[PDB]
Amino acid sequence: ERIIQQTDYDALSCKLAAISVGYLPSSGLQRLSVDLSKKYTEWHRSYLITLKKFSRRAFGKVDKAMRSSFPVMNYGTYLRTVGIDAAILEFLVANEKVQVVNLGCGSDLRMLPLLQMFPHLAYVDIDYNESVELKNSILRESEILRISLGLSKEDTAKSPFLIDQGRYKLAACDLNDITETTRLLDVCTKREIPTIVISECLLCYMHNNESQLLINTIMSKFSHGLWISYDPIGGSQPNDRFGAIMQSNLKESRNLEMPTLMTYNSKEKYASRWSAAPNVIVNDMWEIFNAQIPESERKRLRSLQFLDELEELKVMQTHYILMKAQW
């Protein structure tokens, strides 16, 4: 569905706006060296320039969303990124030979530093065909992104892969299709390798059956791993209209659905979807802001923009969660 696929333009605008202002990279929390901090920005900057080459319409959407970002959104984007990153880094530091499967990867570039930083990491990006065709175009067209992946400019990979360049694979898959998904995994992952699964604003676009099948099945495919999921929740307090508001706004604006926003309207209900994993941690992004963000970062963020409305931040961030499931 082309509607769902374009929710990536929102995710990308947000990523890009946070880098522009200077929220990211956070070299401390993302564990970026001097050169990788520089590259982080340079890679995202080229990604936007190269997107422009491939799609005027895409670029215009991304561009206007960036210009109109507000501090509360940049804090959210920062929290989302460092929170996932912190979960990933802890596991990769502890587990040398690891595979990362990034489900609904959109324009995510976290592989670029991760692959450098962790010599024995293998990483697999998975999104709809149309989305991964565009990502493959940008990655190969841009000289700096090609170099970062050791890629050639001529797409030289065999279906099911658009990129199959050593420790990185970019592959198309409809994740509503469990058989296509498990088939795809059989040829790019191994059962016995500690596996991190990332679903960052992916499951929110899925019907409960499809998302629960995908959760169960993927967890069953690997002896051990960690699922890191980030998503909104509709919110459980009485008279909390966040979910209601969000669903209505997406249906009127984009014809877009978030089928289980109200079903998983709190962190505990959300986390319960990984009840097969022995170790489930769940926090809303406000809790992350208070628990994981050092005072040095809080001070560095204040230097960049005026967050005049901290309570507005808190309200939004209590409606996003980071779930960590380990088996």
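Start at 1 and count along the sequence shown; that's the residue number. Basically, rigid core = biggest C-alpha set you can superpose within 1.5 Å across the two forms.
- Stretch comparison, 155 to 163 versus 120 to 128: after rigid core superposition, larger RMS CA deviation in 5 other deposited structures of this protein is found for 155 to 163.
- The stretch 152 to 160 shows the higher mean C-alpha B-factor when 152 to 160 is compared against 71 to 79 in the entry.
- Note on 120 to 128 vs 93 to 101: mean CA B-factor is higher in 93 to 101.
- The PDB entry assigns its highest CA temperature factor, among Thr41, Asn290, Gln30, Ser33, to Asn290.
- Per the deposited coordinates, the residue with the largest Cα temperature factor out of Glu210, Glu200, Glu141, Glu180 is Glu180.
- In the deposited entry, the Cα temperature factor of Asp186 sits in the middle third of values across the chain's modelled residues.
- Split the chain's modelled residues into thirds by C-alpha temperature factor. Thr195 is in the middle one.
- Per the PDB record, residue ranking by Cα B-factor puts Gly166 in the highest third of the chain.
- In the PDB entry, a CA B factor belonging to the middle third of its chain's modelled residues is recorded for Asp108.
- Ranked against the other modelled residues of its chain, the C-alpha B-factor of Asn216 as given in the entry falls in the middle third.
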